[PDB]
Amino acid sequence: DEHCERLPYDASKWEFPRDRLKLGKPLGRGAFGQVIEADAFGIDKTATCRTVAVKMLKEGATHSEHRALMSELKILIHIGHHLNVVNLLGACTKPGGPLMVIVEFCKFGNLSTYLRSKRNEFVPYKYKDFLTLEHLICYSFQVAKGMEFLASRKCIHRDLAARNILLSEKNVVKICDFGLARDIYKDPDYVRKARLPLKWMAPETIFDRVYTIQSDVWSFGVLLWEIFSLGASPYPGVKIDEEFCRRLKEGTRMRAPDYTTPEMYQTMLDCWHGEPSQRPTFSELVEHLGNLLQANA
Ligand SMILES: Cc1oc(-c2ccccc2)nc1COc1cccc(CO)c1
């Protein structure tokens, strides 16, 4: 996924005509990119109008950002379809218009915002639309599934967080990446030096700047904390600086979130192990959360 200029674009399969795509109101805006809500006619089903999310650039973007987006398109094609990864539906790449990457619409938006909104409507055990402990383990399991899939397609995420998990209908959650559609300069999550999501980054990524599937496992552990604090921000009160990293470098971890179970907090700790090889794989995380899901019901 770092050598994606060699990956094909099959236009006869993926090209969607711009005149069958009707753009609506923006869902997220960054500095160079945006995600737009749209209506797409017959994109996945014959003569069927479907709501979709369109990822594209905006005023300020250059040829450089255009290449990056074309890369994200090619990677999504390569990766292929999976329930818990935001599915590609088509693209407008023809000259005379902007590069548009057309993906699934996820009604309920990002998982961080959504979980926050459900603090009032939560009960561990079951209330028509109330979240439960089961819902939370289920989300965790789904994301682990999606990440196992991505890992097996020889690529890594690099920005795994609740804000990059979307919630569709019927409790399906999907891994995505807003990328340039997120305003990293005005988002508190991205601390200044490049703007990096330091609270989700593993020590070797902070100090040595090494990105691996195992550093995503670390980030998954932080996502678990977000899920089981119902969308709270990680390391509350604590300010992210040079002396915040040294504490992590010698084993200071977050306390248990308000809604966790003992096993779930232990799973966060496993993910936050110092040695990258000592962290569980996503294959192991899928089996383990599957067990915990069964133990809950
Ligand atoms: C094109 C696109 O649009 C959105 C998106 C669509 C709508 C809203 C927010 C984001 N997510 C993606 C990609 O999601 C990914 C999944 C796995 C791996 C990678 C690459 O590491 C990317």
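When you look at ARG158, is it part of a loop (DSSP other than H, G, I, E, B) and over 15 Å from the mean Cα position of the chain (by Cα), yes or no? It would help to see each step written out before you state the result.
Values: part of a loop (DSSP other than H, G, I, E, B): yes; over 15 Å from the mean Cα position of the chain (by Cα): no.
So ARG158 does not fit the description; no.
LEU167 fails exactly one of the following numbered conditions: (1) more than 16 Å from the ligand (Cβ to nearest atom); (2) surrounded by fewer than 22 Cβ atoms within 10 Å (Cβ to Cβ). What is the number of that condition?
Going through (1) more than 16 Å from the ligand (Cβ to nearest atom); (2) surrounded by fewer than 22 Cβ atoms within 10 Å (Cβ to Cβ) one by one, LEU167 breaks only (1).
So which of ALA151, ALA161 is of a type in the set (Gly, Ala, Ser), surrounded by 16 or more Cβ atoms within 10 Å (Cβ to Cβ) and over 23 Å from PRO257 (Cβ atoms)? Write out each step before concluding.
Values: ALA161 fails: over 23 Å from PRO257 (Cβ atoms).
Of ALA151, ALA161, the one residue that is of a type in the set (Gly, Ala, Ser), surrounded by 16 or more Cβ atoms within 10 Å (Cβ to Cβ) and over 23 Å from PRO257 (Cβ atoms) is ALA151.
Rundown of residues vs (1) more than 12 Å from the ligand (Cβ to nearest atom); (2) loosely packed, with under 14 Cβ neighbours inside 10 Å; (3) outside the structural domain of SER168 (by CATH), yes/no style:
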{"site": "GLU2", "(1), (2), (3)": "no, yes, yes"}
{"site": "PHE16", "(1), (2), (3)": "yes, no, yes"}
{"site": "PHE41", "(1), (2), (3)": "yes, no, yes"}
{"site": "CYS49", "(1), (2), (3)": "yes, yes, yes"}
{"site": "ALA61", "(1), (2), (3)": "yes, no, yes"}
{"site": "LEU73", "(1), (2), (3)": "no, no, yes"}
{"site": "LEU83", "(1), (2), (3)": "yes, yes, yes"}
{"site": "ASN87", "(1), (2), (3)": "no, no, yes"}
{"site": "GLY96", "(1), (2), (3)": "yes, yes, yes"}
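Would you call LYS107 more than 13 Å from the ligand (Cβ to nearest atom) and out of contact with any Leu (no Cβ under 6 Å at 6 or more places or on another chain)? Full working, then the answer.
Working: more than 13 Å from the ligand (Cβ to nearest atom): no; out of contact with any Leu (no Cβ under 6 Å at 6 or more places or on another chain): yes.
Answer is no for this residue.
Is it the case that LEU111 is under 20 Å from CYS176 (Cα atoms), hydrophobic (A, V, I, L, M, F, W, C) and assigned by CATH to the domain that holds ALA181? It would help to see each step written out before you state the result.
Details: under 20 Å from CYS176 (Cα atoms): yes; hydrophobic (A, V, I, L, M, F, W, C): yes; assigned by CATH to the domain that holds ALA181: yes.
So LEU111 passes the test.
Among (1) away from the ligand (no atom under 12 Å from the Cβ); (2) assigned to a helix (DSSP H, G or I); (3) closer than 23 Å to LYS45 by Cα; (4) not acidic (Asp, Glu), which single condition is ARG116 missing?
(3)
With under 22 Å from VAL217 (Cα atoms) and either assigned to a loop (DSSP other than H, G, I, E, B) or within 13 Å of the chain's Cα centre (by Cα) (or both) as the only criterion, which of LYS145, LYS126, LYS94 stands out? Steps first, answer last, please.
Numbers: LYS126 fails: under 22 Å from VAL217 (Cα atoms); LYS94 fails: under 22 Å from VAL217 (Cα atoms).
Going through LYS145, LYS126, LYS94 in turn, the sole match is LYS145.
Tell me, which helices (runs of 4 or more DSSP H) wholly within the range 202-297 include 2 or more residues that are of a type in the set (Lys, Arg)? Outline the logic, then answer.
Numbers: elements: 203-206, 213-227, 242-249, 262-271, 282-296.
Helices (runs of 4 or more DSSP H) meeting the threshold: 242-249.
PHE130 is checked against (1) touching a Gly at 6+ places or on another chain (Cβ under 8 Å); (2) away from the ligand (no atom under 12 Å from the Cβ) and fails just one. What number does that condition carry?
With respect to (1) touching a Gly at 6+ places or on another chain (Cβ under 8 Å); (2) away from the ligand (no atom under 12 Å from the Cβ), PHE130 is out only on (1).
This table checks each residue for (1) under 15 Å from the mean Cα position of the chain (by Cα); (2) of a type in the set (A, V, I, L, M); (3) at positive phi.
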{"site": "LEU167", "(1), (2), (3)": "yes, yes, no"}
{"site": "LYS170", "(1), (2), (3)": "no, no, yes"}
{"site": "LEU180", "(1), (2), (3)": "yes, yes, no"}
{"site": "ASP183", "(1), (2), (3)": "no, no, no"}
{"site": "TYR211", "(1), (2), (3)": "no, no, no"}
{"site": "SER215", "(1), (2), (3)": "yes, no, no"}
{"site": "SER219", "(1), (2), (3)": "yes, no, no"}
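With ideal geometry, Cβ positions are generated from the backbone for all residues, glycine too; neighbour counts draw on all protein chains shown. Basis: the model, the stated rules and, where named, an outside source; these are not laboratory values.
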